[PDB]
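The structure appears right after this line, and notes come after that.
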Amino acid sequence: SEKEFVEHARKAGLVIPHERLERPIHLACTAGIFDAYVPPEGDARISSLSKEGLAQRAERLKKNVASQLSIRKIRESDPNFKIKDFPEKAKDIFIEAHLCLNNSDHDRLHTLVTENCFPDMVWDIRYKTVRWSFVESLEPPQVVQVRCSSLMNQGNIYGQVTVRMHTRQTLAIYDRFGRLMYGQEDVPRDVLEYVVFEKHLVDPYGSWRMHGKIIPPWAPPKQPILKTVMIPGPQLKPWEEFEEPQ
Amino acid sequence: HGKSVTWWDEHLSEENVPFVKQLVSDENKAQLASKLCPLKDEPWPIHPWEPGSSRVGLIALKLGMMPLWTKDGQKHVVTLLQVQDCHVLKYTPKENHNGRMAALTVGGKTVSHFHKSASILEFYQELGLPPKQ
Amino acid sequence: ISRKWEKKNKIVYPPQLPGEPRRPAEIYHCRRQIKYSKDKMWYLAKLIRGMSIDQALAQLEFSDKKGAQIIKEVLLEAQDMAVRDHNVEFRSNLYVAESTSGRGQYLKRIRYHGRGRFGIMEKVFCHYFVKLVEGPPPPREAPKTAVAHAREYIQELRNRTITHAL
Amino acid sequence: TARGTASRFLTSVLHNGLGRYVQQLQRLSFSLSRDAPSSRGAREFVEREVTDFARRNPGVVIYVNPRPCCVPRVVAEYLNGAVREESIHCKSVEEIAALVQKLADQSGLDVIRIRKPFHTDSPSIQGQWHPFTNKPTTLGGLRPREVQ
Amino acid sequence: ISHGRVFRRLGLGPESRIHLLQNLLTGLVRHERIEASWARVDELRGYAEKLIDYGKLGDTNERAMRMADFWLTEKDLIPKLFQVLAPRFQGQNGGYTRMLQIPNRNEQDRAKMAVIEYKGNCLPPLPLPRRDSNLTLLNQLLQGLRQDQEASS
Amino acid sequence: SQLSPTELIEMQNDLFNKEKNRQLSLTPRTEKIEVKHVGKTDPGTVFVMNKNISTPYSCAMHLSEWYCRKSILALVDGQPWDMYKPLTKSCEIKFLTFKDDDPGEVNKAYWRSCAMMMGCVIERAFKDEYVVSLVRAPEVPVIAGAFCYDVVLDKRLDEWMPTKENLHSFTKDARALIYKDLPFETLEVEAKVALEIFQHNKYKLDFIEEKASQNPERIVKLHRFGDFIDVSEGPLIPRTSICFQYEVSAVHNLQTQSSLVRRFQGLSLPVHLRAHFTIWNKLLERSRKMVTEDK
Amino acid sequence: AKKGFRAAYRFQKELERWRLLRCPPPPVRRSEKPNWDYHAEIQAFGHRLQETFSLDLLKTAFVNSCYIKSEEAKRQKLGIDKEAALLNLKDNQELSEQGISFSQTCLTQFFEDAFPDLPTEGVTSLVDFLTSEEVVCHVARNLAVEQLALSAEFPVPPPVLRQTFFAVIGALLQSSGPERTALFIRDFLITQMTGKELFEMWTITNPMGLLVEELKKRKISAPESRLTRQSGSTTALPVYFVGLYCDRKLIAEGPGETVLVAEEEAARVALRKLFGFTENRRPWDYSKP
Amino acid sequence: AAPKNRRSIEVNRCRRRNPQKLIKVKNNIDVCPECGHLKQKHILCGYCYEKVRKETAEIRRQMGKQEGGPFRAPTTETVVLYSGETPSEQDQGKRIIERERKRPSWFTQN
Ligand SMILES: [Mg+2]
Ligand SMILES: [Mg+2]
Ligand SMILES: [Mg+2]
Ligand SMILES: [Mg+2]
Ligand SMILES: [Zn+2]
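Protein chains in written order, with the entry's author numbering: chain Bi, 52 to 297; chain BE, 42 to 174; chain BW, 45 to 210; chain Bg, 2 to 149; chain BR, 9 to 161; chain Bc, 30 to 324; chain Bh, 31 to 319; chain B5, 79 to 188.
Written out as C-alpha cells, the structure is:
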C-alpha cells in the first residue's frame, strides 16, 4: 500500500562539480569573431565596376598591418600556405556545406563547418526540407582580412579569414507537411555575404572550417515570407490599464 | 452554424421595451373588444333544442371558497369559478373527429404573446384573438 | 510505459509537387499523468470533438469540471505550437480532430473499513490526447431523410436473388 | 467454419476450357539443400522426375535452386497472379510427385468455401418464372371487382 | 411537499438561518457591497430591504431601534443605518438593493455566486448589463413604428 | 444584339474575372504591409499582411473565430471597408458589429446588401419572354420601414400588380439565396470597362455615368455574388448567410413622365438581431407602406 | 527469458507479416524478383497457348516506346555508349497496328456472319467493346502479358497494355496465317462476350425511336404500347408489363416499376428479338473446321 | 444485494455513453463588449468584475487606514477621489478618500 512514483527530471547548474572536472573541456573553436570587418556603404555600386572593386580590395589587403602580421603568423606556423589560392578552397567549403544541408548529412557537415556555426545552420531547419542550389558566382571571391587570437594559456592560435563573396543562389524551404514556405525554386537570387573561416593551428589535423556569417548593417532586407503573421499586444491582467506610445 | 439562444426582450433598448409592451397590450384590447359583438357579425344558424342534445362548456379560473346558506338553515361551501376570457377557437365536424359528435375547441385566459410558439402564434393570428393559456 | 503520440509530430513528408492539393497541417499534442480520472476526463474529451478550437475553448471555459481547465491549457499550448513550430497562419483555423483519454499509472493505497477489514484503493491518473487539424470543421452529418431510407429499402429489395436456386 | 471464413462463387479464370484449355500453372520454383537430410526426397525428385515432368508440361517454367536451407519449399505461381507456397520438407519422392501434380492441375483460384457447385450465365432459357407467368389474362384486362 | 414555503432552509436550523442572515446583513451595512452564495444572498435581499424601512422610521422609534439592535451586530453601525443609509433613501419606496449573479466561485466547490449592494454607495460601479442602444438596427426599425404612432394620432 | 439570358451572365462574369485577374497581375510580388489594431479590445496587436491579397476578414482570422462571426464591417482609418475587400496600404483597423454603440455605418451596409439581394431575386424571377431592367437601389435611411429596389418591366406587363402568392415566391427565392452561403465580392473599376459589363440596361449606364462623374478618376464600385453583378454606393456585408428573417413585403407602382417604375419593398434582419414573431409582424405591416426618400 | 532459437525465429516471421500488413510495399516487376529467365519465359508463353511464334517477333512484341526512352535516360545519364545496340531494338509500333487492324476486321466479320440483322452501328459498338481498354487489359493481364511486357512504371498503364496485347496478336499473324490468329481471337476475346447482354455494351439511349426506324426498314408500321399485366398502382412498388403490338400481333413485352420504364423495356426486348441477340439464341460455335 | 453477473462492456458503454450522461453544450456564451473576453449572457463578466474587485479592495484598504480601529465607521457619506481632484461643494461635509492612481476610465466622477 506504500509505493511512490520516481523520475522527476531536473537540470541543476552548480559550479562546484563544474570546477572538479578532471579533463577540462577541449575546444576545437572559439565562439566569437574577434574583429568584424565593416564594409563600404556603397559596396553595391562598386560591384558592377570590376577594376574598382578588385583594386580597392587587394589594396586594403596589402596595406593593413594587422592583416599581414597574422598572415605571417600563419605562414610561419603553417608552411605551404597561400593567400591567392584560398578563396577557391573557401568557395568550395561553402558549396559543399550547403549541399550537405540539402541531403541533411551531419557527419560531413561536422568536418566542414565550425562548432559555432553548426547550431545555427542546422537547428531550425531539421524538421523542414531544404533545396539549395549554386548557379553563378558573379564576382570572384575576395579575401578581405585575416586575424589571429593568441591564447597565452594554451599557446593556441586560431587563424580567422574573412572572405567576402557575391553569389547567385536558389533557395527553397519546405514545411514538414511538404508545403512550400520560404522561396521559389526557380529564381536565381543574388546574395552578398561576409563569410568568416577559422582554423586551429597548433592542432596537427588542421582543418579549414566555416566559422561564421557576418551581415552588414545596410544589408538589403531579405525576401518576404509567404504566410501572414500576427504580433500580439502586451498581455494584460485585469487591473492593468493599456498605455499607447506615439 | 451555432446559432445562439434568444428571447423577445434581448435586443430591445430601454426606450423600446415600454413601447413594445404598449403595442401588444393595446392590440389585445382592440381584438378582444372587436369580437365582443358576435350576433351582429356572421352568426352560424341557431337551431332549436332537440332532446338528446349537448351544449358547449367553459374554461374558468378557480378563485377560492366561500360559505353559503340555504333557507332550510343548512350551510354549504361553494367554489367560485371566474370565467376570464373564453372563446371558441376551432370547429371539427362530426365525421372528422369521433364519427359521433362534433368537437369545439375552447380557450382559457389570456397570456403573453412572447412566450408561446410560432405555430401557436400563427394559429391565433389567423383568428384575431390574443393567445389563450 | 509507451510514448508514441509525441513522436507523431516529428514526421517529415516529401515536398509537394505543384498542382497537387495543399496538405492540411496536423498537430499532435498531449499531457501525461494528470490527477484526474480517465472516465470523468472522457466526457470532457468527447464534448469537444470536431469543434473549431475557439468553440472548444469557449465550451471548456465555463465547465465546472476540474479536468476542463487541464484540457483548456493543453489546447492553448497546442495552438501556440501550431503557429510557432509547425507553420500555420490563422490560429483560429484549427479544429479538434481527435480527442481522447488514456489511463495512466495508478498508485495503490489502503482504504480502511471496520471490523478490521480493508479495501484496496487506487489513486488514479490519466492521459489526455489531442490532435488538431488545420481547416474549417468538417460538417456534422444530418440524419437520413425519408427519401434516403426509401431509396435504401428499394435497393435492398432489388438486390434479392433466387436462393439455392440453380 | 463457413461463417468464419470467406467464400466465392464457382468460376474459372478467363473462361478456361470454353474456347481452348490453358494450363493455369505458370512457374514452379524449388529450393533445396544438397547436404541436409530433410531435403532428401526433394533431391531424388530433382534427379529422376523433374526432367520428365518438364516435358509433360511444356508451358510451365521450372526453376531449381540448391541453397543452404533447412525446409525445402516449392513455390507455385499461376497466370491468375496467385502465388501458392508449399512445403516438400521430409517427404518421399512419390509424395512430392503427387503434390507437384496437384499444383499442375489447379486453377490458382483461392481455396475456400464454394457457395454452389454450378455456375451458369443464362440459366433461364425459355423464361424465368414471375408471378404472372402462369396466370390467365381476362377480357378487357379488368381487375377482379372492376366494372366497365 | 413544499407548497407556498417562502423561506429556504439554511444553516443548522431556523435559528442558525437567522444568525447567518445576521452576519450577512451586518457585512452589507458596513461594506455596502458584498458577495456570497447566490442562494443566501437571494434570501438576504428581503431583509436588507426591510432594514432600510425600519431605518426610515427614525432614531426615536423604539421598535425600529431594538430591531436595528438585533440585526446589526457590530453596534457602531446602528448610527450609520439611521444617519447615513436611511437618509439617502428618501424619494424611493423600494429600490434600495441591487443584486447580480457573479461568475461561479473559483474554489473547488464551484458555488453559484452573487454580489449584493446598496444603491448609491461610493465604490467603483458594478459592470451592469447594458441594454442595446437605440441606434441598433432593430431598435431603429421600432423607432419608425413609434413615430408613425405619433403621426397617426 | 441577339443574346440568351445565360449568355449575358457568362459575358459579365468573364469580364469581371478578366478585370480581377488584371488587378491581381498589377501586384508583382508578395508585399508586406503592417496593419495596426485600434480596437477597444485587443490593443497594440499588429498584423503583418500581404498587400492586395489579405483582407480584414483574413485579419480577424488571426484573432479568433469570435471576430470572424461577429464582425460585419471593417473600419480602416476613417472609412468603412467590406470584410472581403483586400487591404491596399499599411494602416489601422477596427471592427464593427451590429450590437456596437454607433452601428449606423454597418446598418447602411446591411440595408444595401439586402437590397442588392432582392434585385438579384427579381431579375431572374421573370419569364425569358419579358424584359426586366433593374434601375438602382435608392438609399433610404433605416428608420424608413423598409429597403427597396427600383425596376422597370416589359410594356405588355404594365397592367398587373402581384399577388401574395407571387410576393411569397420572391421571398422563397431570396431565402433560397440565403441558404446557400455566398460571399459578397468587391471590385474597383474604371468607367470604360464598367459600361461594357452592363450594356443593355440603359438606366444602369446612366447610373454608372453619374456615379463616376462625382469621382475625379472615374472609379465605379462593383459588387458581385454568385453569378449576379451590380453597382452600389458604399460597402456591403461579408456573407449572404448573415440575413435570417427576410421578406419581400410589397411593390408599388411609381411613374415618371418618361418611364413606369416599380418599387419593390422588403424587410429583413440579421441572425444577430433576430426579432420575435410578433415584433416581426408589426414591422412587416409597416414595411407595406410606400417609402419615399430619393434625396 | 526462455532458452531457444526456435520460437524467436518463428516470431521474427510474424513481425515481418505485421510490418507488411501495416505498410504494404509498392508492387514490383515480376522481372525484378528472384527467379527470372526472360528467354525461358517467352518460350513458355508460346507453348502454353498452343501456338508457334518466331522468338524474334515475340521478343519484339513485348517492347514498348517508353521502355526505350527510359533506357535512353539511363544511357545518357551515365555517359554510356548504347545507341547502336539500343536503337536496334525495333519497337512494337508496327506489329500493334497490324494486330489491331486485323483484329477489328476479324471480329467484325465474325459478328457480321453470326448476327445478320445487327445494324452496322451495333456491330461497331460490339467490336469497340471487345477491343476496349478494360476487356483487353483484363485478358492480357491473365495471360501473363503484363509479366513479359517491357515498360516504365510497373503497373503498366492500360494503353500500353492494349498496345502490347495486339502487338502479340500481330506477331502471331506474321508467325502463322490469318486462320490460326482468327482462332486465337475467337478464343481469348469473343469469350469475354459470354453472359453479357446486347444493350449492356451498346449503350443506345432511345430504344423506341430505334425500333420504329428498324421497323420502317422491315416494312412494318406502328408499334402500339398496350398495358398487359399490372400489380398495385397505388403502391410504392408497382409492377407493369407493357406489350408492343403491330397490327394487333404481339412482338415483345417487358416489366418495370413505371409504365414508362416498362414501355422502354418492351422496346429493348423487341430490338433484341429483331437483331437476333437473345437469351435463347444459339450459343457460339467453338469447333475445328 | 450482490450483482449476480459481471456487466459486460457493451452494456456498460450503453449506460455511460448515453445522451443524458454527456456534457451538454452551452449556447448562451458571448463576448464582453468591453474587454472582449467570454461571459454567459445572464452573468457579470468575470474579467471586468475582477477590475472592479481589485479597485474596491484598494479603496477599502485606504478607508481602513483612516479608521484607527475596528468599531469606528463614519456617521457621514463618503466619497473617493483621485490624483488631481478636489471635493465639490455638493460633496463637501463628507469623508474623503484620496487614491494615487488616476481615475479609471470606467469609473465616473458623479
Ligand atoms: Mg481496529
Ligand atoms: Mg476488487
Ligand atoms: Mg478497484
Ligand atoms: Mg445544509
Ligand atoms: Zn468584460
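From the three backbone atoms N, C-alpha and C, an ideal C-beta is built for every residue, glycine too.
> Among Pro68 (chain BW), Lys82 (chain BW) and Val56 (chain BW), which has the Cα closest to the Cα of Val168 (chain BW)?
Replying inline: Of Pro68 (chain BW), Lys82 (chain BW) and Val56 (chain BW), the residue nearest in Cα terms is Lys82 (chain BW).
> Where DSSP assigns a beta bridge to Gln193 (chain Bi), which residues make up the other side?
Replying inline: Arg215 (chain Bi)
> Can you find a CB in chain Bg that lies within less than 8 Å of the CB of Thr221 (chain Bh)?
Replying inline: With a threshold of 8 Å between beta carbons, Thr221 (chain Bh) makes contact with chain Bg.
> Taking a cut of 7 Å between CB atoms, which residues from the region 5–23 of chain Bg lie near chain BW?
Replying inline: none
> Per DSSP, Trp110 (chain BE) forms a beta bridge with which residues?
Replying inline: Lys116 (chain BE)
> Does the distance from the CB of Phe184 (chain Bh) to the CB of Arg59 (chain Bh) come in under 8 Å?
Replying inline: yes
> Taking Cβ positions, are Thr221 (chain Bh) and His90 (chain Bg) nearer each other than 8 Å?
Replying inline: no
>> I'd like the span of the alpha helix (DSSP H) that includes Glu230 (chain Bh), first residue to last.
In response: Run containing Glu230 (chain Bh): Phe229 to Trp232, per the alpha helix (DSSP H) assignment.
> When we look at the beta-carbon of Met147 (chain Bc) and count the other beta-carbons within 10 Å, is it buried (16 or more) or exposed?
Replying inline: buried
> If contact means a Cβ-Cβ distance below 8 Å, which residues of the region 90–122 of chain BR contact chain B5?
Replying inline: Taking 8 Å as the Cβ-Cβ cut-off against chain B5, the residues of the region 90–122 of chain BR that qualify are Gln91, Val92, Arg96, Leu108, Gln109, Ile110 and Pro111.
> Quick one: is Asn172 (chain Bh) buried, meaning 16 or more other Cβ sit within 10 Å of its Cβ, or exposed?
Replying inline: buried
> Counting contacts by CB-CB distance shorter than 8 Å, is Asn81 (chain Bc) in contact with chain Bi?
Replying inline: no
>> Assuming the contact rule is C-beta atoms closer than 8 Å, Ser198 (chain Bc) and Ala154 (chain Bc) should be a hit. Round their C-beta distance to whole Å, please.
In response: 7 Å
>> Between which residues of its own chain and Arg303 (chain Bc) is the CB-CB distance below 8 Å, once the five residues before and five after are set aside?
In response: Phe273 and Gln274
> Is it buried or exposed for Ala122 (chain BR), if we count other Cβ within 10 angstroms and need 16 for buried?
Replying inline: buried
> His115 (chain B5) versus chain BR: which residues are under 8 Å apart at the beta carbon?
Replying inline: Simply none; closest approach about 11 Å.
> What's the C-alpha gap between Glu158 (chain BR) and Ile172 (chain Bc)?
Replying inline: Rounded to whole angstroms, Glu158 (chain BR) to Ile172 (chain Bc) spans 14 Å at the Cα level.
>> If you reduce the DSSP assignment to three classes, tell me which class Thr269 (chain Bc) lands in.
In response: coil
>> Our contact map puts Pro253 (chain Bh) next to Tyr275 (chain Bh) with C-beta atoms below 8 Å; I'd like the distance itself, whole angstroms only.
In response: Right, the Cβ-Cβ distance comes to about 7 Å (below 8 Å), so this counts as a contact.
> Using the C-alpha atoms, what's the distance from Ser83 (chain Bc) back to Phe176 (chain Bc)?
Replying inline: So the two alpha carbons sit approximately 32 Å from each other.
>> I'd like to know whether the C-beta atoms of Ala43 (chain Bg) and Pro67 (chain Bg) end up nearer to each other than 8 Å.
In response: no
> Near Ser143 (chain BW), what residues of its chain come up, given a Cβ to Cβ distance below 6 Å and the 5 sequence neighbours on each side ignored?
Replying inline: Around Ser143 (chain BW): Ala89, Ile92, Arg93 and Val174.
> Hey, quick one: how far does the alpha helix (DSSP H) through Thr307 (chain Bc) stretch, first residue to last?
Replying inline: Its alpha helix (DSSP H) spans residues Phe306 to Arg315.
>> Measuring only the C-alpha atoms, how far is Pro191 (chain Bi) from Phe137 (chain Bi)?
In response: The alpha-carbon of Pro191 (chain Bi) is positioned some 12 Å away from that of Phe137 (chain Bi).
>> I'd like to know if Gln144 (chain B5) contacts chain BW, where contact means its C-beta is closer than 8 Å to some C-beta of that chain.
In response: No, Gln144 (chain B5) lies away from the interface with chain BW (no Cβ there is under 8 Å from its Cβ).
> Would the beta-carbon of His251 (chain Bi) fall within 8 Å of that of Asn207 (chain Bi)?
Replying inline: yes
> CA-CA distance, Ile97 (chain Bg) and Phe46 (chain Bg)?
Replying inline: Computed Cα separation, rounded: 7 Å.
>> Checking the sheet assignment: what are the DSSP bridge partners for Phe31 (chain Bg)?
In response: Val65 (chain Bg) and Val75 (chain Bg)
> So, do the region 82–96 of chain Bh and the region 116–131 of chain Bh have three or more beta carbon pairs nearer to each other than 8 Å?
Replying inline: yes
>> For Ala103 (chain Bh) and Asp241 (chain Bi), I'd like the C-alpha separation in whole angstroms.
In response: Between the C-alpha atoms of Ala103 (chain Bh) and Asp241 (chain Bi) there is a straight-line separation of about 33 Å.
> With a cut-off of 8 Å, do at least 3 Cβ pairs link the region 88–106 of chain Bi to the region 180–196 of chain Bi?
Replying inline: The region 88–106 of chain Bi makes contact with the region 180–196 of chain Bi: 3 or more CB pairs, one atom from each, lie closer than 8 Å.
>> Which residues does DSSP list as the beta-bridge partners of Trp183 (chain Bi)?
In response: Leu222 (chain Bi)
>> On the DSSP letters alone, give me the boundaries of the beta strand (DSSP E) that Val198 (chain Bh) sits inside.
In response: That residue, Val198 (chain Bh), is in no beta strand (DSSP E); its alpha helix (DSSP H) goes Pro188 to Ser205.
> Of the choices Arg36 (chain Bh), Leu108 (chain Bh), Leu148 (chain Bh) and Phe218 (chain Bh), whose alpha-carbon is the least far from that of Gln80 (chain Bh)?
Replying inline: It is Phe218 (chain Bh) whose Cα lies nearest to the Cα of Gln80 (chain Bh).
> Sorted by chain position, which residues of the same chain lie with C-beta nearer than 6 Å to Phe155 (chain BE)'s C-beta, five sequence neighbours on each side aside?
Replying inline: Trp49
>> Let me check understanding here. Comparing Cα to Cα, which of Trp259 (chain Bi), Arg230 (chain Bi) and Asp254 (chain Bi) lies closest to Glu64 (chain BW)?
In response: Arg230 (chain Bi)
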